[PDB]
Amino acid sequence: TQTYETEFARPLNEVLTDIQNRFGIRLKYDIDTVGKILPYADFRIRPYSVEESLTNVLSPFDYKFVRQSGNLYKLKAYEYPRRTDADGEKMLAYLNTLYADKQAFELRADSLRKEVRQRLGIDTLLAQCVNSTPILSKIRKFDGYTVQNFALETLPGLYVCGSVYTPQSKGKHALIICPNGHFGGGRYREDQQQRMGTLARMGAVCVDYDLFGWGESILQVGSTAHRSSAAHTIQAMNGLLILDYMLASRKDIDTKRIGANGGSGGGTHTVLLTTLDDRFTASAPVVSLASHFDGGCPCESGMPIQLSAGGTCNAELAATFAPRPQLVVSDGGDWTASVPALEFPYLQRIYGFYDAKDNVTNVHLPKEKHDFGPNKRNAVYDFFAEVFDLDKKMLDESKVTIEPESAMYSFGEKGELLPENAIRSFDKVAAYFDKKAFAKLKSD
């Protein structure tokens, strides 16, 4: 019954099936429309445009479409971290109106650094971090580099576990902090060991560490806890405390050569690190950078850092590092497809404010997909070789050992070495962020 008096109301699932048949498209559904009723459904249709029709029937339920290949469309929930290339181009054009030189750029960059840090809440948690003796494994020797595991206590009872990759070559070394993306196996994976081992053979101390609720963090908080705003703050805190610990505990580091490098989520965390800490002298965010995507995981976008200074994006945060050497690796199979046309020229103009366009580079892999495969690693090897004066003759992944996973563990094959004091539920961490969690906890 289509009447004025029943608001010409149709179930949304009938409307969309009807759009699919009428305009001859295919729909992939990543939403469940059960029970959804759209008033005036047929009046929202536009015979000349499948896209207006879809947007007019979906935006009332907070849904959208994303055009796939050919005549296929995916139907999605609104995503606060994800916009379009078009949104990107308007954002970056808008931010270009806020600065015409170094002076104007540098005032906004300082506001961006302060408001990002404030909005992350990291200084609240740093004021509560302890100073206990880090748990260090024995040093394991390999061809031209060694590996040593660490567990560093942050908040009372909370541990970040990682591994340090040290060159065997004599003399002062570069240091590279290496947050990782959501790739299978985390920092334990083959391509992560390859990259840390090659950079260490070439003369860089390299450090990698568990994402919150990955690896041995699972022993304390479980796997679910990773997708939380807590993860965003805790992972940035982890990076900073690890940089502090490396610089205070080691004699072999040249403080003119401190790098950040990571892939996907690790590339988002790389930009966060160079935004939070002025000690970094070079940066390589890999298959990560976009004006129009902030990161899909709450560990990347869970805190509202992109609302800093009236609105920013990871491309502008990356720009605040100017004019320090920075490599952006992009590919044609993900959100970084835009970088050669959009994000890179934006970064070139800002590096331009310092006569240092040559300090920022883009290795675009048009044919490749979202991974940390060999040509991603080769752009990283090449960049740090160049800017940190590392030894390219040592570059050979066949010489890196692929340790089994448990060899990088701090707390034993089965986590049986997990300290007495140690947090064993997410509740203990959540209580720093949410009064509901604190209240659950305080009723023993």
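Heads up: residue numbers just count along the shown sequence, starting at 1.
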Study note, to complete from the structure: Averaging the C-alpha temperature factors as deposited, the higher value of 366-374 versus 206-214 falls on 366-374
Check your understanding: For the stretches 392-400 and 60-68, which has the higher mean C-alpha B-factor as given in the deposited record?
Key -> 392-400
Study note, to complete from the structure: For 123, 79, 85, 115, the deposited C-alpha B-factor is largest at 85
Check your understanding: Between 352, 263, 259, 298, which carries the biggest CA temperature factor in the record?
Key -> 352
Practice item. Sorting the chain's modelled residues by C-alpha B-factor, tell me whether residue 164 ends up in the lowest, middle or highest third. Key: lowest
**Study point:** Third of the chain, ranked by Cα B-factor, where residue 26 sits
**Key:** highest
Review point. By the record's CA B-factor, is residue 282 among the lowest, middle or highest third of residues in the chain?
Key: middle
Review point. If you rank every modelled residue in this chain by C-alpha B factor, which third holds residue 179: lowest, middle or highest?
Key: lowest
Check your understanding: In terms of the CA temperature factor given in the entry, to which third of its chain does residue 107 belong: lowest, middle or highest?
Key -> middle
